[PDB]
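Peer 1: experimental structure and its sequence below.
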Amino acid sequence: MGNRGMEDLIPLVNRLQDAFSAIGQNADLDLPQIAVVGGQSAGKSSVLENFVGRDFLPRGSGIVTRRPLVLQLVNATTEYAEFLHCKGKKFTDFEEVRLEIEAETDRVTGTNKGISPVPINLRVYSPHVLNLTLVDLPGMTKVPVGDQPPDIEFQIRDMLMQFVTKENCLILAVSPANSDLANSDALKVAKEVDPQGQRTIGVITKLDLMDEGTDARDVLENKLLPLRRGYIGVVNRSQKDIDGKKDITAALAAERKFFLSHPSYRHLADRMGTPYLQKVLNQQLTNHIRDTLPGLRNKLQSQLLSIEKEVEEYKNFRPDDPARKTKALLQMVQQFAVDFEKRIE
Amino acid sequence: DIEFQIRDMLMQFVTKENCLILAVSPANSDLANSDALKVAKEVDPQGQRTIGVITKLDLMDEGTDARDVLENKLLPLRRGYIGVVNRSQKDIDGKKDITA
């Protein structure tokens, strides 16, 4: 699993969070939710599980991901998963979690390329995760296929506009390995819903699967395609490799070796990649945390400034001297006296 | 509105009578993710003047094939599909002739 960046970020945020819980207020850093988009066979789950470092999500050619998923990561002692609608079970095999959750998916949506507007909640308790929320989105279509009504893509757009267009929702526009490079539904949706690219991360594949004679150097160097966040190039697996279940270490190693061996991506081998992307995203997480900290800090400064005055009233403390009692006598007598003046005049 | 502009420009050419529609998509990209089928079925739900072509079959992803698609089985069309193979960029780079 890993990684060391999240494992090094978890103790400082845990001490910060438990300090915020020991003071009693409900103050959290508001970590971004992770939402990945794309079309049919977009490898959205593929990129997410490769980003994690282990293969635990349903993927493949055609549409595989058919239901939105709310992956609620919670830091705990042991790593396992549980459901809101399948309460009572704790699984330690992530492949088995994948199998039963896709069983839930096709049981709810049928096996005729159906979707469902109700996501699947999945709480993964792990000693190497944060208190995160991942919104996995289905493979979108444009024409009705399987059992989909002809109003399928519009209500998918409606689902997007009502869920993923919220603030702090990261948008992962992934160019997959099966589909075309320029026909990326994820890049289409990302540019149509957020032209600014403030919270839009563009991940591209097929740098080994492009048309022979061409290369994506002008696009990955943020030169042909102007993006605020820029691109990070990775390579997904084809359906043959997905079916043969290639491991993660050799896949990323072969991917990096291709980035080293291509003449148009050897200078991009360091600026592209899944570990590099994970480093950049962890850096974005840390930047969001220590950038939202000064506002909460000076807010607590102004809040504790009121309690500072309460201790000043307690600043004078002499148990149990009659000076405090006589001062209370003077305050009550003068208070009652002015209340008497406020009774006649 | 460049997409809508191209759309209006193509509607002005397709909505005329006897206008065959070649909905051509590569074998890499999914045909269900192209709006060519949506526009073709919107102007003709029967598809009587619509021919779907899936190209670049030599550039396909490993593990997939158009065996179930080009046989008019994944998407029902009256006249089925006819599949050709386009050329990669190296073909113009090397100037491949009609014979080859």
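Peer 2: Alright, I've got the coordinates. Residues are numbered from 1 along each chain as shown, chains lettered A, B, ... in the order given.

Peer 1: only C-alpha atoms from now on, for both contacts and neighbour counts.
Peer 2: Fine.

Peer 1: in the stretch 51-200 of chain A, what residue is nearest chain B?
Peer 2: residue A:179 (4.1 Å; C-alpha to the nearest C-alpha).

Peer 1: so who does the nearest residue to residue A:31 once chain neighbours are set aside touch?
Peer 2: Spatial nearest neighbour of residue A:31, chain neighbours left out: residue A:132 (6.6 Å); criterion: C-alpha to C-alpha, 6 or more residues apart in numbering or on different chains. Residues near residue A:132 by C-alpha atoms under 8 Å, 6 or more residues apart in numbering or on different chains: A:31-33, A:71-74.

Peer 1: for residue A:132, what are phi and psi?
Peer 2: phi -100, psi 170 (degrees, to the nearest 10).

Peer 1: follow-up on the earlier one: doesn't residue A:41 make contact with the residue of the stretch 51-200 of chain A closest to chain B?
Peer 2: Yes - if you go by C-alpha atoms under 8 Å, residue A:179 and residue A:41 touch, sitting 7.1 Å apart.

Peer 1: what is the helix or strand encompassing residue A:337 packed up against?
Peer 2: Counting by DSSP states H and E, the element that carries residue A:337 is helix A:322-344. Packing contacts for helix A:322-344, counted by 3 or more C-alpha pairs under 8 Å, 6 or more residues apart in numbering or on different chains; DSSP states H and E, involve no helix or strand.

Peer 1: give me the contacts around it.
Peer 2: Helix A:322-344 is contacted by residues residue A:318 when judged by C-alpha under 8 Å, 6+ apart.

Peer 1: can you check stretch A:61-72 too?
Peer 2: Residues contacting stretch A:61-72 (C-alpha under 8 Å, 6+ apart): A:40-41, A:44-45, A:58-59, A:105, A:109, A:113-124, A:131-139, A:178, A:239, B:64.

Peer 1: on that earlier part again, tabulate the CA atom coordinates of the helix holding residue A:337 in CSV.
Peer 2: Presented in CSV, the C-alpha positions along helix A:322-344 are these (Å, rounded to 0.1, in the frame of the first residue of the first chain):
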residue,chain,number,x,y,z
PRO,A,322,-13.4,38.5,52.5
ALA,A,323,-12.0,41.1,49.9
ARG,A,324,-13.7,39.2,47.1
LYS,A,325,-16.9,39.0,49.2
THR,A,326,-16.8,42.8,50.1
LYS,A,327,-16.2,43.6,46.4
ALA,A,328,-19.2,41.5,45.5
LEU,A,329,-21.1,43.4,48.2
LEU,A,330,-20.1,46.7,46.7
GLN,A,331,-21.1,45.5,43.2
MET,A,332,-24.5,44.2,44.3
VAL,A,333,-25.2,47.3,46.5
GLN,A,334,-24.3,49.7,43.8
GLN,A,335,-26.1,47.6,41.2
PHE,A,336,-29.3,47.5,43.3
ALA,A,337,-28.9,51.2,44.0
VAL,A,338,-28.7,52.1,40.4
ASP,A,339,-31.6,49.7,39.8
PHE,A,340,-33.5,51.8,42.4
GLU,A,341,-32.6,55.0,40.5
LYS,A,342,-33.8,53.2,37.3
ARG,A,343,-37.1,52.7,39.2
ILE,A,344,-37.9,56.4,40.0
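
Peer 1: buried residues, that helix. List them.
Peer 2: By 16 or more other C-alpha atoms under 10 Å in any protein chain shown, helix A:322-344 has no buried positions at all.

Peer 1: what do you get for stretch A:259-269?
Peer 2: A:259-260, A:264-266, A:268-269.

Peer 1: could I get the full set of helices for the stretch 101-250 of chain A?
Peer 2: Using DSSP state H, counting those that start in this stretch, the helices found in the stretch 101-250 of chain A span residues A:152-163, A:185-193, A:217-220, A:239-244, A:248-261.
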